[PDB]
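Chemist:
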Amino acid sequence: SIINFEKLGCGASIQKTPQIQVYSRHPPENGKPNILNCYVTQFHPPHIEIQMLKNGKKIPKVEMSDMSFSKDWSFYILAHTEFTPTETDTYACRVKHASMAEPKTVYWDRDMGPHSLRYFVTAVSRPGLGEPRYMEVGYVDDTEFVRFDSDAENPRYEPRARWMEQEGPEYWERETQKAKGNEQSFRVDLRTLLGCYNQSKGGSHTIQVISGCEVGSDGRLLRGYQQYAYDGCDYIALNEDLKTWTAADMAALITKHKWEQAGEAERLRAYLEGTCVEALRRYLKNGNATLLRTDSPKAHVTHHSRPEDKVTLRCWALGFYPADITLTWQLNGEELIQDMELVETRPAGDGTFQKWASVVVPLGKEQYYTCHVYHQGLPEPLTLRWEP
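In terms of my numbering, the sequence shown has 268 at position 272, counting the first letter as 1, and numbering is strictly consecutive.
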């Protein structure tokens, strides 16, 4: 259960460039259906235009995941489309974003315990296009389990996990009405932050919040979060003592003063130690059948013939959950950490993740190199080599 926010009340009177990966869900085999993914990350502002292209032409039915953001405030989103790869068809992803002067086109290259309850809140103004878009997204660990999205005629909280369907109507009604009240606070804060930052009246701006708690197996609060950002930059945050505020900016000092006088840190500490812990306990219980499950990576090495007497070995980890993983290459028992190439871990689109790490090695020396895969789901680390 998310907190009821208090207005920031800053008083009366920033671009990040997207990173893009294009890759298939399953290893491509010509003639057999697959999914092509376009994973776009690390961008701010959240407005973005993603097209997928086949032989230079816009692909019609392209699915878009809901947009999320990470702890560094940057947004991410997965686009995908059904496709059957052929030997000669070219695919690409084209991304248009205010950080870039021209659209970016990225071509598909066949060589491709404690628990936490956190709410990720986004409010984005859209002047001349409608009311601000407001979203509340709840996660137990990294599992999204509830979502409120204002961009609907009769918006309301919806379960994003089957185990939340147990909750009765009184729960959904309470959460929905609280979200609609929260939406109003952020609408007002968006208006007043314009003046506090001496900004023009016609641009889109964003408020982001991370709010929640991390709780140990003994049921004691390990960490509480109440962090705000404006236009992708830190604004104010509750300190680990749950008593004082860090204001990252001159504008936020006005909020800090008001919240001190109003005792907002004590209201937060009570929510965190009370409602937040109790809700997490409740959600962990109903989600017990699925929330603790892990999927171990399946790994294999591919071989790619490079210029002259060098080859690339690529160590793949597929189908794993959660996303945290480590891949290393070894020669003679030493880790080649500085000569590897890696990709950022990326969703397959079915709930599991992919990653690979490659090293360039002398032709004929491939058997001297070992890839190592470290994941919490494995009994012990995987060790593998290239096999013709």
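Note that the Cβ used here is the ideal one computed from N, Cα and C, for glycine as well.
Starting from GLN15, follow the beta strand (DSSP E) in both directions and report where the run begins and ends.
Modeler: For the purposes of this step, residue 15 is identified with residue 19 of the sequence shown, where counting begins at 1. 15 to 20 is the span of the beta strand (DSSP E), which, as asked, contains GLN15.
Chemist: Under 7 angstroms Cβ to Cβ from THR348, same chain only, skipping five residues before and after it: list those, please.
Modeler: The residue you call residue 348 lines up with position 352 of the sequence shown. Excluding residues within five positions, the ones whose Cβ falls inside 7 angstroms are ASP291, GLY315, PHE316 and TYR317.
Chemist: May I ask which residues mark the beginning and end of the beta strand (DSSP E) holding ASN33?
Modeler: Within the sequence shown, numbered from 1, the residue matching residue 33 stands at position 37. 30 to 39 is the span of the beta strand (DSSP E), which, as asked, contains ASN33.
Chemist: Helix, strand or coil for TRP352, going by three-state DSSP, please let me know.
Modeler: Here residue 352 refers to the residue found at position 356 of the sequence shown. DSSP places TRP352 in strand when its eight states are reduced to three.
Chemist: Would you identify the three-state DSSP class for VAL273, choosing helix, strand or coil?
Modeler: Mapped onto the sequence shown, residue 273 falls at position 277. Looking at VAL273 - three-state DSSP - the assignment turns out to be helix.
Chemist: Could you check how far apart the C-beta atoms of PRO56 and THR37 are, in whole angstroms? I think they sit under 8 angstroms.
Modeler: Here residue 56 refers to the residue found at position 60 of the sequence shown. Here residue 37 refers to the residue found at position 41 of the sequence shown. 25 angstroms between Cβ atoms; not a contact.
Chemist: For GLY208 versus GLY220, is the C-beta spacing smaller than 9 angstroms?
Modeler: In the sequence shown, residue 208 corresponds to position 212, counting from 1. In the sequence shown, residue 220 corresponds to position 224, counting from 1. Contact flag set, yes.
Chemist: From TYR130, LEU287, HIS76 and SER70, pick the residue whose C-alpha is nearest to that of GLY177; which is it?
Modeler: One-based indexing of the sequence shown puts residue 177 at position 181. It is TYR130 whose Cα lies nearest to the Cα of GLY177.
Chemist: Are residue 388 and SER(-3) touching if we call contact CB-CB under 9 angstroms?
Modeler: The chain is shown from -3 up to 384; residue 388 falls before or after that span and cannot be answered.
Chemist: Report buried or exposed for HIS201, applying the criterion of at least 16 other Cβ atoms within 10 angstroms of its Cβ.
Modeler: One-based indexing of the sequence shown puts residue 201 at position 205. Buried: at least 16 other Cβ atoms inside 10 Å.
Chemist: Please state whether DSSP places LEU309 in a helix, a strand or coil.
Modeler: Numbered from 1 along the sequence shown, position 313 holds the residue referred to as residue 309. It is a strand residue.
Chemist: Please list, in chain order, all residues of the same chain as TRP69 whose beta carbon is under 6 angstroms from its beta carbon, the five residues on each side excluded.
Modeler: For the purposes of this step, residue 69 is taken as residue 73 along the sequence shown, with counting starting at 1. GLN204, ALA225 and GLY228, listed in sequence order.
Chemist: As a quick exercise: from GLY345, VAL297, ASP335 and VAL307, pick the residue whose alpha carbon is nearest that of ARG381.
Modeler: Residue numbering aside, residue 381 sits at position 385 when the sequence shown is read from its first letter. Ranking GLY345, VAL297, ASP335 and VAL307 by Cα distance to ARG381 puts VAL297 first.
Chemist: Might you give, ordered along the chain, the residues of its own chain that have their beta carbon closer than 8 angstroms to the beta carbon of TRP352, omitting 5 neighbours on each side?
Modeler: By 1-based counting over the sequence shown, the position of residue 352 is 356. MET108, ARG310, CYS311, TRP312, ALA313, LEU323, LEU338 and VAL339.
Chemist: Helix, strand or coil: which one does DSSP assign to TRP241?
Modeler: In the sequence shown, counting from the first residue as 1, residue 241 sits at position 245. Correct three-state label for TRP241: strand.
Chemist: Determine the burial state of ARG302: buried for a count of at least 16 other Cβ atoms within 10 Å of its Cβ, exposed for fewer.
Modeler: Here residue 302 refers to the residue found at position 306 of the sequence shown. When all chains shown are included, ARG302 counts as exposed.
Chemist: Quick one, which of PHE71, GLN223 and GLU25 has its alpha-carbon nearest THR84's?
Modeler: For the purposes of this step, residue 84 is identified with residue 88 of the sequence shown, where counting begins at 1. Considering only alpha carbons, the answer is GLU25.
Chemist: If we count the other Cβ atoms within 10 Å of its Cβ and call it buried at 16 or more, is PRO165 buried or exposed?
Modeler: Start at 1 with the first residue of the sequence shown, and residue 165 comes out as number 169. So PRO165 counts as exposed.
Chemist: Just list the residues that DSSP pairs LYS294 with in beta bridges.
Modeler: Residue mapping note: residue 294 aligns to position 298 of the sequence shown, counting from 1. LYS294 is bridged to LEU314.
Chemist: With distances taken between CB atoms, is the gap from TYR153 to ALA175 smaller than 9 angstroms?
Modeler: Here residue 153 corresponds to residue number 157 of the sequence shown, with the count starting at 1. Here residue 175 corresponds to residue number 179 of the sequence shown, with the count starting at 1. For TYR153 and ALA175, yes; Cβs fall inside 9 angstroms.
Chemist: Could you work out which residue in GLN350, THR286, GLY345 and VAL369 is closest to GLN326 when comparing CA atoms only?
Modeler: For the purposes of this step, residue 326 is identified with residue 330 of the sequence shown, where counting begins at 1. Per the Cα distances, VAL369.
Chemist: Pull up the CB-CB distance for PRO123 and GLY191, whole angstroms please, since I reckon it's below 8 angstroms.
Modeler: Looking up residue 123 in the sequence shown gives position 127. Looking up residue 191 in the sequence shown gives position 195. Not a contact, Cβ separation roughly 14 angstroms.
Chemist: Per DSSP, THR366 forms a beta bridge with which residues?
Modeler: Along the sequence shown, read from residue 1 onward, the residue named residue 366 stands at position 370. Note: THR366 sits in a beta bridge opposite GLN326.
Chemist: Indicate whether the contact test is met: 3 or more Cβ pairs, each with one atom in the region 3 to 12 and one in the region 40 to 47, closer than 8 angstroms.
Modeler: Touching, yes.
Chemist: Which residues in the same chain have their Cβ closer than 7 angstroms to the Cβ of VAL355, if we skip the five residues on either side of it in sequence?
Modeler: Position 359 of the sequence shown, counting from 1, holds the residue named residue 355. Here the set comprises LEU309, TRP325, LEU332, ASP335, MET336 and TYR365.
Chemist: Going along the chain, which residues of its own chain have a beta-carbon closer than 8 angstroms to the beta-carbon of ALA94, five neighbours each way excluded?
Modeler: Mapped onto the sequence shown, residue 94 falls at position 98. Answer for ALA94: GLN11, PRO41 and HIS43, listed in chain order.
Chemist: Quick check: what's the CA-CA separation for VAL136 versus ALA8?
Modeler: Position 140 of the sequence shown holds residue 136. Position 12 of the sequence shown holds residue 8. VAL136 and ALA8: Cα-Cα distance of roughly 37 angstroms.
Chemist: Can you list, in chain order, the residues of its chain whose CB lies under 6 angstroms from that of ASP147, leaving out five sequence neighbours each side?
Modeler: Position 151 of the sequence shown, counted from the first residue, corresponds to residue 147. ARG129.
Chemist: Could you check where the beta strand (DSSP E) with residue 392 kicks off and where it finishes?
Modeler: Beyond the ends of the chain as shown, which are -3 and 384, falls residue 392; an answer cannot be given.
Chemist: Measure the C-alpha to C-alpha separation of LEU113 and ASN0 and round it to an integer number of angstroms.
Modeler: Here residue 113 refers to the residue found at position 117 of the sequence shown. Here residue 0 refers to the residue found at position 4 of the sequence shown. Going from the Cα of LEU113 to the Cα of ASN0 covers about 15 angstroms.
Chemist: Between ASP138 and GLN350, what straight-line distance do the alpha-carbon atoms span, to the nearest angstrom?
Modeler: As a first step, residue 138 must be located in the sequence shown, where it is residue number 142. As a first step, residue 350 must be located in the sequence shown, where it is residue number 354. If I take the Cα positions, the gap works out to 16 angstroms.
Chemist: Opposite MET160 in the DSSP bridges: which residues?
Modeler: Here the question's residue 160 lines up with position 164 in the sequence shown. According to DSSP, which records beta bridges pairwise, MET160 is partnered with nothing at all.
Chemist: Might you give, ordered along the chain, the residues of its own chain that have their beta carbon closer than 7 angstroms to the beta carbon of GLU78, omitting 5 neighbours on each side?
Modeler: To locate residue 78, count along the sequence shown from 1; it is residue 82. Cβ within range, chain order: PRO29 and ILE31.
Chemist: Between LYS254 and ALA243, how many whole angstroms is the CB-CB distance? I'm expecting something under 8 angstroms.
Modeler: Reading the sequence shown from its first residue, position 258 is the one you call residue 254. Reading the sequence shown from its first residue, position 247 is the one you call residue 243. 11 angstroms between Cβ atoms; not a contact.
Chemist: For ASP145, which option in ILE321, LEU378, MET63 and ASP245 has the closest C-alpha, if you only look at C-alpha atoms?
Modeler: Position 149 of the sequence shown holds residue 145. For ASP145, the nearest C-alpha among the options comes from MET63.
Chemist: Note down the Cα distance separating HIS111 from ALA275, rounded to an integer number of angstroms.
Modeler: Working through the sequence shown from its first residue, we reach residue 111 at position 115. Working through the sequence shown from its first residue, we reach residue 275 at position 279. In a straight line, the C-alpha of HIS111 is about 12 angstroms away from that of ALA275.
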